[PDB]
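Note that the deposited numbering has the sequence shown beginning at 42, numbered continuously upward. Structure, as structure tokens:
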Amino acid sequence: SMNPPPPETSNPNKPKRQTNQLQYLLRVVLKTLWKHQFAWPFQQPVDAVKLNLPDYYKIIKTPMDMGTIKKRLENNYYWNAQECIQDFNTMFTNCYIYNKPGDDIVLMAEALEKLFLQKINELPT
Ligand SMILES: C=CCOC(=O)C1=C(C)Nc2c(c(=O)[nH]c(=O)n2CC)[C@@H]1c1ccc(C)cc1
Numbered sequence: 042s043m044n045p046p047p048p049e050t051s052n053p054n055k056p057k058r059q060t061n062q063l064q065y066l067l068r069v070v071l072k073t074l075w076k077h078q079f080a081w082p083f084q085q086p087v088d089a090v091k092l093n094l095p096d097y098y099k100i101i102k103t104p105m106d107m108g109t110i111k112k113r114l115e116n117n118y119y120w121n122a123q124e125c126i127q128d129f130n131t132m133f134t135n136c137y138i139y140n141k142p143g144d145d146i147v148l149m150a151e152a153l154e155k156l157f158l159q160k161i162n163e164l165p166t
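Take a look at the structure:
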């Protein structure tokens, strides 16, 4: 039930950029979602072995988590805010794909996604 290597957080040949919005995604959006009581399942890549979820990476082919996103933001890995917002949406979507409506893990992702959309509704200029 092995785990794949985690998503890259650096890529020297990918062009970096630092923008007002990406600074905000780290300092405001990520760091406060991180403190939510429901953040803990999403703070690191899914451990299919530890969690006896041996099928997780048979179903999820584009894994993403907030730990990866935080490191990407800290590394200026992203070209723009939309790229990072895409990663957040991948990790929410993955949760909805793998699990079922009403599952408690889905209720946690739904709560975080709602807060996420609340905070990105208005970004700096
Ligand atoms: C089965 C034993 C418990 O294992 C866990 O704690 C889990 C972790 C770390 N992550 C995931 C789990 C899951 O069921 N579906 C997923 O997509 N993820 C990845 C985000 C399970 C889980 C988490 C939280 C609740 C409330 C229930 C189940």
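All residues carry an ideal CB built from backbone N, CA and C; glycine is no exception.
Express the C-alpha separation of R58 and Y137 in angstroms, rounding to a whole number.
-> 31 Å
Does the distance from the CB of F157 to the CB of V70 come in under 9 Å?
-> yes
Which of the three DSSP states, helix, strand or coil, is assigned to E124?
-> helix
Counting only the same chain and skipping the five closest in sequence on each side, list residues whose C-beta sits under 8 Å from that of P45.
-> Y98, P104
Look at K141 and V147 and say whether their C-beta atoms are less than 9 Å apart.
-> Result yes, Cβ atoms of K141 and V147 sit closer than 9 Å.
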